[PDB]
Each structure stands twice: as structure tokens, then as C-alpha cells.
2 protein chains.
Amino acid sequence: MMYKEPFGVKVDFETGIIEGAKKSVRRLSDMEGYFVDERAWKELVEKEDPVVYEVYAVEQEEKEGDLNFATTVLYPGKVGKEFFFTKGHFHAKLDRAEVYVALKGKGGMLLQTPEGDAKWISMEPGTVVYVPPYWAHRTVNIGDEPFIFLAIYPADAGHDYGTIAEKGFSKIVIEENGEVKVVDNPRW
Amino acid sequence: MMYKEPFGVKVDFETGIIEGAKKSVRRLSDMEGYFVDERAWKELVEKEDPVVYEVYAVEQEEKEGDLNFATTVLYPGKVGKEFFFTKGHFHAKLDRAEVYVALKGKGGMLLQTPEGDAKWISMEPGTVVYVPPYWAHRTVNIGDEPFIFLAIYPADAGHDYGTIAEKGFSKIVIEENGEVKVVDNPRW
Ligand SMILES: O=C(CO)[C@@H](O)[C@H](O)[C@H](O)COP(=O)(O)O
Ligand SMILES: O=C(CO)[C@@H](O)[C@H](O)[C@H](O)COP(=O)(O)O
Ligand SMILES: [Zn+2]
Ligand SMILES: [Zn+2]
């Protein structure tokens with residue numbers, strides 16, 4: 001019988017690094033067509049192209065019942081008024097749920113159905129978020145320090161980026177008049 | 001179609017409490033036939049019947065792709081020389097994996113396959129443990145404060161307590177001459 005070996009790994013809740021994980025870097029230039037203010041995007045890319053977020057992922061083969069986990073370090077920033085966020089995605093197998101545990105910083109999650117019905121959940125250290133089957137999810141950094149969290153997801157969930165890539169979320173998170181606001185996407 | 005509502009909840013990393021969750025308590029009286037020293041067990045039940053652990057569970061219906069999560073507060077203690085532990089279980093759907101995130105205290109996990117081969121993984125705050133498909137899993141508190149962790153598991157995993165209830169784990173975790181030891185279970 002083939003059994004896989006249990007393992008433990010240290011996650012630094014201060015940095016989000018998992019040593020030995022598959023590390024992914026997303027710079028702002030990897031995020032064309034994601035932010036409402038297209039000229040601000042282009043300008044911040046030309047002037048800096050900052051890292052928006054980094055992922056440390058521990059992934060299994062795509063098998064039903066098995067589980068992947070990953071930390072994300074989402075860096076502080078705005079493109080125009082719109083706070084830095086993850087690209088966001090549905091799962092390829094839509095009915096797969098997810099669990100997030102917020103570890104550090106201040107942020108939130110934007111979630112939406114295949115119909116564009118939308119929800120915002122605040123996240124501070126210790127907030128666990130239940131992402132139900134069929135909800136697209138995007139995390140947002142609303143602070144001045146990195147927003148770091150752990151996600152645990154079905155190993156066979158997969159990723160569906162395309163739909164969010166072209167249409168976006170139906171709601172957006174901005175800093176307007178010194179205040180964090182979740183408002184309608186004026187482009188959806 | 002019908003979509004369940006996303007929610008966040010605060011987990012308290014000092015106490016392991018999740019408000020609104022399904023609370024479960026195990027006292028030593030709930031653990032007959034688990035510990036090597038049955039007379040110690042009997043005396044301690046008759047004297048104090050202490051809490052061994054508390055569970056705070058957020059559970060979905062048993063459906064493929066969906067996820068549950070729960071914290072456990074494993075109290076410090078010994079039955080004779082043997083550190084306080086959880087009952088331990090395989091999943092009813094045997095191939096369902098599990099992810100644990102250690103939050104407070106000091107301990108570890110005993111894992112074993114249906115064959116009976118056992119692994120011990122140390123857990124400190126920040127340790128994430130991957131429990132693979134087919135591994136029974138028990139957590140052990142080897143410290144002097146609650147050992148506190150969050151478990152994320154497939155909603156359809158279920159629990160299979162029976163085999164572990166009857167025969168235990170092939171390894172025990174004991175304190176002997178001021179030293180934590182993982183040794184073969186004499187009753188195996
Ligand atoms: O949803 C899970 C599983 O993949 C997360 O670990 C995100 O993948 C990560 O926060 C980066 O964001 P995306 O670019 O994947 O939206
Ligand atoms: O493995 C997961 C799934 O439920 C944990 O939440 C344990 O259920 C908990 O630590 C109590 O341990 P048991 O009494 O179920 O072995
Ligand atoms: Zn996901
Ligand atoms: Zn389990």
C-alpha cells in the first residue's frame with residue numbers, strides 16, 4: 001500500500017515564509033486589467049512595478065479528499081484609490097470551499113457568486129474566514145503593513161482566473177476621504 | 001442556485017475559543033480504555049475527573065469539496081507517566097487528509113496507518129502539520145499549559161474512533177526521569 005509521509009513545517013506568523021514551499025511572486029505588471037484606474041496602474045508599473053503579493057504554497061497531487069495549504073503576504077499599497085489585492089479566482093471545481101486564517105496586518109476578503117452577488121468580510125489577526133462552495137474570493141490589504149494569512153483548500157479545487165481577469169469583482173475597495181469604502185465597481 | 005453565506009469568526013489564540021461554535025468537552029471519564037495505566041486512570045476519574053480537552057467545531061453538512069474547521073484545547077496532564085492526548089481517529093472516508101495549525105503550547109501528533117506504523121511529529125506555535133490520507137491522528141500535550149491548535153478537514157471526512165478505542169497507537173508518549181519519550185506501546 002502507498003501511504004504518503006506526514007510532515008510538519010514551521011510558518012513564521014511574522015513573515016509568512018514557509019521554508020521549502022513553492023514560492024510565487026506577483027508584481028503589479030502581472031496584473032494588467034485588474035485595477036479600475038488604468039493610468040495609475042501603468043504609471044506605478046513604469047515607476048516601480050512593486051510586488052503586490054507573494055505566495056508560499058504546499059500542494060499535493062489533485063486528488064479528491066486531499067488538502068493543499070498556502071500563506072500569502074499581501075503588500076500594502078494602492079493603485080489610485082484602490083487598495084492592493086490578489087487577482088482573485090473561482091475554483092476549477094466550483095463547489096470546493098476554502099478556509100482562511102488571518103495572521104497579521106489588516107485586510108479583508110471580497111467574495112462573489114457566479115451571478116455577481118457580493119460579500120465583504122473584514123480580516124484581522126485571528127479571523128478565520130469560511131469561503132463556501134461556488135464563491136470567487138479575493139483578499140485586500142487595507143493597512144500600511146503586510147497582510148499575511150494562511151489558506152487551506154481542497155487539493156483538487158484548481159483555479160479559475162479568467163472570469164475575474166476580464167470582468168473583475170462587482171464591488172471594489174478604496175480609500176476615499178481618509179476612509180476605507182466598499183463601493184460598486186464603476187466598470188462591471 | 002442556492003449559495004451558503006460566507007462568514008468570518010474570531011479565534012482566540014490564548015484560549016482557543018470560537019464563539020458560536022459547537023462546544024464539546026472530554027473528561028477522563030470519557031476515555032476509558034485509552035491510557036496504559038488503567039489504575040491511574042481509575043483513581044484520577046474517582047478523584048477529579050479532569051477535562052482532558054475541549055473542541056470548538058464549525059461544521060458543514062457532509063458533502064464532497066466542502067470544509068470544516070475546529071480548535072482543540074488540550075489540557076496539560078498525565079495518566080501515570082503518559083501525557084494527556086486526544087482520543088484519536090481515522091476518517092470514515094479513509095482517504096481524507098487534514099491540516100493542523102499549532103497556536104499555543106507544546107506538543108505533537110501521533111499518526112499511524114491502517115498497518116499500524118506510527119509517526120510522531122513535534123508541534124510548537126507556528127507548526128503546520130499535513131495529515132495525509134489514511135493516517136489516524138492523535139494530538140499529545142507534553143507541556144505545562146494548554147496545547148491549542150486549529151484543524152481544517154474535509155466536511156465529509158467523518159470520524160472512525162472504533163479501532164483506536166480498542167487497540168490504541170503502536171507508540172505512547174510518556175515522561176520518564178524528567179524526559180519526554182516516545183516509545184513502543186507495551187500493550188501493542
Ligand atoms: O485561494 C488560495 C488557494 O490558491 C490562496 O492561497 C490564493 O491563491 C493566494 O492568496 C493568491 O491569490 P490568487 O492570485 O490565487 O487569487
Ligand atoms: O481531527 C480533527 C477532526 O475533528 C480534530 O478537530 C479532532 O476532532 C479534535 O482534536 C478532537 O480529537 P478526537 O477526539 O476527534 O480524536
Ligand atoms: Zn481558492
Ligand atoms: Zn481528523
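Just so we're on the same page: letters track the sequence lines, and every chain starts at 1. Excluded from the calculations below are hydrogen atoms, water molecules and symmetry mates; all remaining heavy atoms, backbone and side chain alike, are included.
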*Leading residue by heavy atom contact count with chain A [cutoff under 4.5 Å; candidates B:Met123, B:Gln60, B:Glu124]*: B:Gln60

*Is a side-chain donor or acceptor of A:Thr15 paired with a backbone partner of A:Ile17 at a separation under 3.5 angstrom?*
yes

*Indicate yes or no for a side-chain donor-acceptor contact from B:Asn141 to the backbone of B:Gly107 under 3.5 Å, with no hydrogens or angles considered.*
no

*Report yes if the distance between the aromatic ring centroids of A:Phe83 and A:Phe85 is under 6.0 Å, otherwise no.*
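Between A:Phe83 and A:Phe85, the centre distance exceeds or equals 6.0 Å.
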
*Anything under 30° is parallel, anything over 60° is perpendicular, the rest tilted; go ahead and classify B:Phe149 against B:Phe147.*
tilted

*asked:* Using 30° and 60° as the class boundaries, would you call the ring planes of A:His89 and A:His91 parallel, tilted or perpendicular?
replied: tilted

Can you say whether [X] sits under 4.5 Å from chain B via the side chain, the backbone, both, or neither, judging by heavy atoms?
X        : answer
A:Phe69  : side chain
A:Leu67  : both
A:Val101 : side chain
A:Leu150 : side chain
A:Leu111 : side chain

*Might you point out which heavy atoms bring B:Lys171 and B:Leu110 nearest each other, and give the distance in Å?*
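Smallest heavy-atom distance, with atoms named: O-CD1, 3.4 Å.
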
Checking [X] against chain A: side chain, backbone, both or neither under 4.5 Å from a heavy atom?
X        : answer
B:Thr113 : side chain
B:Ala157 : neither
B:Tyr100 : neither

Kindly check if the number of other-residue, nucleotide or ligand heavy atoms within 6.0 Å of [atom1] ([X]) is above 12?
X       : atom1 : result
A:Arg27 : CZ    : no
B:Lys63 : NZ    : no
B:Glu32 : CD    : no
B:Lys93 : NZ    : yes

*Any chance you could measure A:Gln112, atom CD, to A:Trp188, atom CH2, to the nearest 0.5 Å?*
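Answer for the CD-CH2 pair, A:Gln112 versus A:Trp188, is 4.5 Å.
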
*Which residues, numbered in order, of residues 3-14 of chain A come under 4.5 angstrom of chain B by heavy-atom distance?*
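Heavy-atom contacts from residues 3-14 of chain A to chain B are A:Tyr3, A:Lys4, A:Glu5, A:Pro6, A:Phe7, A:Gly8, A:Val9, A:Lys10, A:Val11, A:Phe13.
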
*Look at A:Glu64, A:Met1, A:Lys119 and state which one has the largest set of heavy-atom pairs under 4.5 Å with chain B.*
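The residue among A:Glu64, A:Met1, A:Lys119 with the greatest pair count is A:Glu64.
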
*Name the option with the most non-hydrogen atom pairs under 4.5 Å to chain B; the candidates are A:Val128, A:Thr127, A:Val99, A:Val131.*
A:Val128

